[PDB]
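Asks: Below is the sequence, then the experimental coordinates.
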Amino acid sequence: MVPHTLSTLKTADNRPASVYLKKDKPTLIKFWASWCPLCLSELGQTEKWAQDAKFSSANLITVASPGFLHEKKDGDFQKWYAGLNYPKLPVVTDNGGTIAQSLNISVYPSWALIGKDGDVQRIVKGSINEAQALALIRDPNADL
């Protein structure tokens, strides 16, 4: 109903990741890493999806884990990600992978849909495509 913790999270733009979410629409959390080809090369893709008019029905944002798994350390990842030409890319920082570990995300990329109520909806261990996302949201039982 009101995940205070989810809002406590911060983005790479030193802003509240909560503002990127909506308690009236389902959000989509995608975990990635600078050491991921299928992710780094998919940066732009996600940057557009979160802006896709069709995605307006379901919020879409990513999440990074600085100092976890094999990601850069805090401070650096930000200065490095700020040069990817993606100033409009929603990325929630996780000092130590708090969210990832909480959702059991060891494989990247990854996804996680959260109903408007703020409850879990689905969790995928990979990187879906355009149309894939459309159908994934259009139906509650569309892929897991």
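Replies: Good, I have the coordinates. Residues are numbered from 1 along each chain as shown.

Asks: so what does the helix ranked longest in the chain touch, helix or strand wise?
Replies: In the chain, with assignment by DSSP state H, the single longest helix is helix 130-138. Using 3 or more C-beta pairs under 8 Å, 6 or more residues apart in numbering; DSSP states H and E, the elements in contact with helix 130-138 are helix 43-49. From N, CA and C alone the C-beta is placed, and that goes for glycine too.

Asks: Show residues contacting the helix it packs on.
Replies: Contacts with helix 43-49, where a contact means C-beta atoms under 8 Å, 6 or more residues apart in numbering, come from 30, 32, 55, 60, 62, 84, 86, 88-89, 130, 133.

Asks: Restricted to helices, list those.
Replies: Cross-referencing the contacts of helix 43-49 against helices under DSSP H gives 130, 133.

Asks: Which of the contacts of helix 43-49 fall in strands?
Replies: Here DSSP state E is the test, and those give 30, 60, 62 as lying in strands.

Asks: For these, which entry has the maximal number of neighbours?
Replies: residue 62 (28 neighbours; other C-beta atoms under 10 Å).

Asks: quick one: that one from residue 1, how far?
Replies: The gap separating residue 62 from residue 1 is 24 Å, by C-beta to C-beta, to the nearest Å.
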